[PDB]
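Don't worry about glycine lacking a Cβ; one is built from the backbone with ideal geometry, like all the others, and counts go over all protein chains shown. Values quoted throughout were computed directly from the atomic coordinates according to the rules given, and no laboratory measurement underlies them.
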Amino acid sequence: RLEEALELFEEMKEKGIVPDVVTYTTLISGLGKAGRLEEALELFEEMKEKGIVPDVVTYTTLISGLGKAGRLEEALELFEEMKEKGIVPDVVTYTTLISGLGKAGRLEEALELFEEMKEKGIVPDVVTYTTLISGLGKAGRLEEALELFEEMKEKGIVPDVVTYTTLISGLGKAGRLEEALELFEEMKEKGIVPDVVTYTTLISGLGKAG
């Protein structure tokens with residue numbers, strides 16, 4: 001029903017009536033959910049133009065959309081602008097930003113955001129942990145990924161196949177076959193299905209030993 005809502009919004013505009021901030025919030029939110037990001041960006045810029053101040057929901061919506069879009073620099077601009085204007089981000093914003101950062105191999109910036117969100121008492125997702133551990137793993141930083149794995153384990157967050165695959169592959173590469181094996185059995189305990197990579201790494205490591 002977003003077409004009708006927009007139609008009514010423009011018709012409202014035409015009769016020389018100034019919309020409430022709630023209207024902009026609702027429209028931006030709806031267009032955001034609808035995956036119509038560009039229009040929401042238009043509405044946002046219009047909203048900024050009339051001197052109207054946007055709510056947290058608008059910011060989180062736009063940042064999420066840009067994050068999915070891969071336009072990380074803009075999402076960062078919006079994040080900073082959001083912080084300066086005294087708005088407190090929620091878990092979702094940090095999650096999307098760290099996801100994108102990890103994807104772009106900007107690992108230490110993602111670490112900064114993880115620590116910063118840890119400071120403000122935000123609780124990370126399994127997604128955040130897996131993103132960070134995978135990214136750290138691809139970067140050859142196995143020890144930090146191990147620290148993070150233990151930390152993740154302690155807080156009762158359950159890892160998935162990707163984290164195990166990454167850690168096992170890295171351990172195998174490091175020649176720590178026994179550890180990789182207990183990780184293999186531990187991943188067997190929780191019933192996750194291993195990847196061909198894990199099997200080939202393990203078989204190769206075993207092959208070198210005997």
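Working only within the stretch 49-65, note down all residues that are assigned to a helix (DSSP H, G or I) and surrounded by 13 or more Cβ atoms within 10 Å (Cβ to Cβ).
Hits for the stretch 49-65 are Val56, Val57, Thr58, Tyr59, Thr60, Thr61, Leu62, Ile63, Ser64, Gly65.
Which of the residues spanning the stretch 82-97 are part of a helix (DSSP H, G or I) and touching a residue at least 12 places away in the same chain (Cβ under 8 Å)?
Hits for the stretch 82-97 are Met82, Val91, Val92, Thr93, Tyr94, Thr95, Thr96, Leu97.
Can you name the residue in the stretch 25-35 that is surrounded by fewer than 16 Cβ atoms within 10 Å (Cβ to Cβ) and not basic (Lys, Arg) and is also farthest from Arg1 (Cα to Cα) among such residues?
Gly35
For the stretch 7-24, state whether one or more residues are assigned to a loop (DSSP other than H, G, I, E, B), surrounded by 20 or more Cβ atoms within 10 Å (Cβ to Cβ) and free of Cβ contacts under 8 Å to residues at least 60 places away in the same chain.
no
State whether the residues of the stretch 82-94 include one that is under 30 Å from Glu115 (Cα atoms) and small (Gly, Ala, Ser).
Yes: the stretch 82-94 contains one or more residues that are under 30 Å from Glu115 (Cα atoms) and small (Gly, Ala, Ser).
Which fully enclosed helices (runs of 4 or more DSSP H) of the stretch 98-210 have 3 or more residues being loosely packed, with under 15 Cβ neighbours inside 10 Å and over 17 Å from the mean Cα position of the chain (by Cα)?
142-154, 177-189, 196-209
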